[PDB]
C-alpha cells in the first residue's frame, strides 16, 4: 500500500485564518491526514491517505475535500490542485481553454506579470505583448491617458488603474487587459501606504479595478504578491458565468 496525496491551493485567505476554520476537522481528523502549508502570497492544504489504487484513494480524498470546500466561502479561495500548480498556470490554462487573449500595463511590477505569462509554452496563443509604464509620463504617452488626469487623480488610484487597463486593451485589442499600479514601499507614495495596489481589468463589456493592501512586506514581496492578486482577478472573471469578457 502506497501513500496517496492531494494538494489544495488557496488564494485570498491567510494561513492563520484558514486553519482556524479548519481546526474543527483538523482536531477531528483521521485518514486522510490534513496538513496546511503557507508560502508567499498563498496557502495550501495537503491531504494524505493510504490505499491500494489511485481510484480508491481519490474516492476518500474527494469526500474530505468536499467537507473543506463547503466551509464558509473557501470555494472563493480554492483555485486548483497540485504541488506545483500556481495561479499563473491556472490562468494560462483558463485563457487557452476559453480562447481569450490578454495584455497588461505594469508600473510597480515592471514586467513580472507578463514575464510569468511567458513562463508557459504556447503563451503566444494567449499573449501578444504589453506595456511597462513605470513613469507618469509613459503612462500618458504610451497609453494615451491625459497627463493632467493622471496628475490630478494620482498614479496610485482606481482611476489610473482603470485607464491603464482600458487603453492597453484598446491599443492591443486583446480580450482582457490587466493593469498594476501601487506602492512597492517602504516609503508611502502620494499619501498611500506601502503595499497599496490598484489592479485594473478591462474587457469590451466592462472596466473595473480592485484595491488591495499588501502591508508589512518587502519591496520584492509586494510586487510578487501583487502579480498573484492580478492573476486571481483574471481567474475570477474567466470563471464567472456573467458574460464578463
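Residue numbers count along the first chain shown, from 1.
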| field | Residue range whose averaged C-alpha B-factor is higher in the record, 103-111 or 83-91 | value | 83-91
| said: Using only C-alpha atoms and the B-factors in the entry, which stretch averages higher, 72-80 or 125-133? | reply: 72-80
| task | Among the candidates 205, 217, 211, 67, give the one with the maximum CA B-factor reported in the record. | result | 67
| note | Highest CA B factor of 185, 191, 32, 41, as deposited, is found at 32
| residue 223 - Cα temperature factor, lowest/middle/highest third of chain | lowest
| note | Quick tally, chain-level thirds of C-alpha B-factors: residue 232 sits in the lowest
